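Shown next are two forms of a single protein chain, provided one at a time as structure tokens under the names structure 1 and structure 2.
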Structure 1
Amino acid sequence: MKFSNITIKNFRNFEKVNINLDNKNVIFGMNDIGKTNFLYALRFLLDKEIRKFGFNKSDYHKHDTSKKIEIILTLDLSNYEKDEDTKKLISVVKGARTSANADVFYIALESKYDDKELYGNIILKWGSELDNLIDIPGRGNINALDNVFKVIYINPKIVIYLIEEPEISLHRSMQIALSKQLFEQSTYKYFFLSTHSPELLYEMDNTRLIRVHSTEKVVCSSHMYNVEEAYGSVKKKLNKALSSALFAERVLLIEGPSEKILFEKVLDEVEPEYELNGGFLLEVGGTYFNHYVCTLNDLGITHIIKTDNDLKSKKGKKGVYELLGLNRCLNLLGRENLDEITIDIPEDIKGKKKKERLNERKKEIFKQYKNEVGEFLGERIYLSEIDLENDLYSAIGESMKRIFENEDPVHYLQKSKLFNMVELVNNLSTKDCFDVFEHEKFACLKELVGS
């Protein structure tokens, strides 16, 4: 038994929607009314204390048009025989399971009209297929569906928890403790969680993320969120960055903290309320992009990636290099991992001429894959020429020549990135940040704003 999907046709803010499910579902978003009414739809399906009051006039979509409320839940009941819950649901049914090789089982809610006696009359049915459903046999005030499930609702037998906004009047470390108790522990096998706090998602795994969109009409995006085997050692700082990234609409994926220093200076000199409108700067370091990108893509969040063209030397060999910054974007568009590039380099002068011939080989590599770079730029993936300091030299290079007394300011900024980045931020004006922001190689910051 594993919760597959719930079909909410007619309810307070729903028309013909499907939400895919698994166990441990998490709903979040900016529409508070849809996050309330999703848990109210689950309480009308599976709790006696909400279903015994019936339907009012307020819980209809249009009050005279499409007057048939249906909630259908999908269970997928064929599983291995050592599971207790599969036997506990198949023992209660008698003729609702018709053929023993069937796989899918439905719990179908139906309602009648409201125009006479001002009442809903919720009617619940069982069966293995959608046509020829059979009524659930009850005798008094207790249905036979109520002898299977149990619902506990938390606000500040197969057991389904419903936790609504647990961060209210709560400290930060208690929210991280509640996140660790929710996902790592096996106390809560089935829940549905609504939250506004990113500290309640610092340890999340094997879960559905449900994002409710910011529109007035309810749009639901669902993702089967997992952390893979190679990502398990950098897992919780990835979850700490991504849990703050889940409450945004437009997210820029950067690498360094000095990039955050420079871009945040350019942002509060140009667009000083980017954090109010839904912008977020996400630091991604030392990993590939596609675990972030599949999560934000299936949750409907626009992902913008700014990256540099890096050359990585491998272990045990000298003079052979890997095309790392190409291969991350090739993994993002689903293509295969590229081959080895070897460069024959002498001893030469090691301080600057080796860096200059590596920059010239990166310039030739950026030249001969120009249509692939445009393909990446076609989306929100932006690959730099050599680095971002050399893209910064093409915009404010006279300013970098007049702040520092050195002749070459790019090498002086690359000698110590953080302290000379703070010295570049401190002697900077408004027109320099507009020269950075208006440039064609820093277009992605405009894609962070979008207005």
Structure 2
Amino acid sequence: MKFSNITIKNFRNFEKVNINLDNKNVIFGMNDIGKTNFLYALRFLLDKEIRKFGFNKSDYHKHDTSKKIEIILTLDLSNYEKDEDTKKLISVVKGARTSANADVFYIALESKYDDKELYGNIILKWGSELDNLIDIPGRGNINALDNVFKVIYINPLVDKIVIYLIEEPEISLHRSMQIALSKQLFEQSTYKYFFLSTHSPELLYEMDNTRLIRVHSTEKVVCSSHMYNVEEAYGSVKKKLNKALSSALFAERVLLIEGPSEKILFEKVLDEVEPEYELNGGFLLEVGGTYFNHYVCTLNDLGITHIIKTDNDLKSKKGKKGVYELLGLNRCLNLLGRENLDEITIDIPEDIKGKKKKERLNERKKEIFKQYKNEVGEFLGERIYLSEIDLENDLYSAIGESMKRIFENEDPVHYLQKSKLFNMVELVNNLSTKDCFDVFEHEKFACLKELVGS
């Protein structure tokens, strides 16, 4: 009914590897040698045209031909009654099922080297316990395992359960057709069990209810796995979420921002300081009007460094007047595992408006920041950075001398707020190298120093 785990011992570059699985699996990384071995590992266990030729000297670990090779596959058998496929793996097998309440099933493969003839044999056994495993009946060249499974292999560079193995279906396909392939794989019910390997981010636009395996750049002994499943909510904005995350899954360091105003400034600063930041990992990700939980959990389970920078903000509850909600603190606290805060009510006379209103709100926000220093201390530990009022004010504290030479006028922080995009473009046009060097080193913009590396 469902795959559960796979254990590989002493096979090529695998020393002792334990990987969790599910019905739909997607593997990626920067190894390109372990990815092509993870599929031969599965083919030597469930395929016939490749098991006839036994192991050779190279197929072991680093040419130490005195150790065993074990491969074990674990399957969960719970729907004893309503499952259509559980009957087939309970009718062909009739003696390894000691009890009618086993709920687990195993398949194993062992190999021991024969020095005299330069040949390594393959022996297959299954059972329902780790201690009592019995051999597969079968006469001639056909085992009893081949009567249950059928394996199909797809590679463009050249009444049974069907298992698909696709390798790199993007060699000579246009960008449009990759989306069609993704839709077919992840939506229609033609495919149920498969494993997939890819280097392009256009195959993962409709990913849902699957498992993701990431391979680190180091020795193959490390592989990480996570279960991806979107919620019932966040269902009206699924396309944007997947389009944002599909490219960040291929990185090593990712920074989360709010809007396109910060993208221009950060791109200019990085270009002036060091231009080769996207070659050595690195990425900039836009979140928008959504909480950070979905990105953070997915990135943390796969060992991806994550950096978050945000600003304090206030919203007015609909209907009621004079009552405000703390959104910036709530979004940062919801990630550490805590509860929302009570609303704060503030009073402003009707006559006061404009900059007088803005300064009152800024003073209130500064007081709120003053009250919760201990929380900010714990926020900064887990790569969460919070500003006092906004980004523009922190910018004014680093390049303020050069701010009053382009806009002239007065109070340039107020001048930017009128139009965020055009005036930021004007500001970035008229900036020297010294200004970017000064921005890159100030404390309030420390987050960038963690994107480039230690």
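The term rigid core refers to the most C-alpha atoms you can superpose between the two forms while keeping them within 1.5 Å. Please note that residue numbering is based on structure 1, beginning with 1 at the start of its sequence.
After superposition on the rigid core, the C-alpha displacement between structures 1 and 2 reaches 2 Å or more for just one residue among 209, 218, 266, 204, namely 218. For residue 228, a C-alpha deviation below 2 angstroms is recorded between structures 1 and 2 after rigid-core alignment. Core-superposed comparison between structures 1 and 2: CA of residue 115 displaced by 2 Å or more.
In the core-superposed comparison between structures 1 and 2, the CA atom of residue 371 travels 1.5 Å. Once the core is aligned between structures 1 and 2, the alpha carbon position of residue 349 differs by 3.1 Å; this is the C-alpha shift at that site. In the rigid-core superposition between structures 1 and 2, residue position residue 245 carries a C-alpha shift of 0.3 Å.
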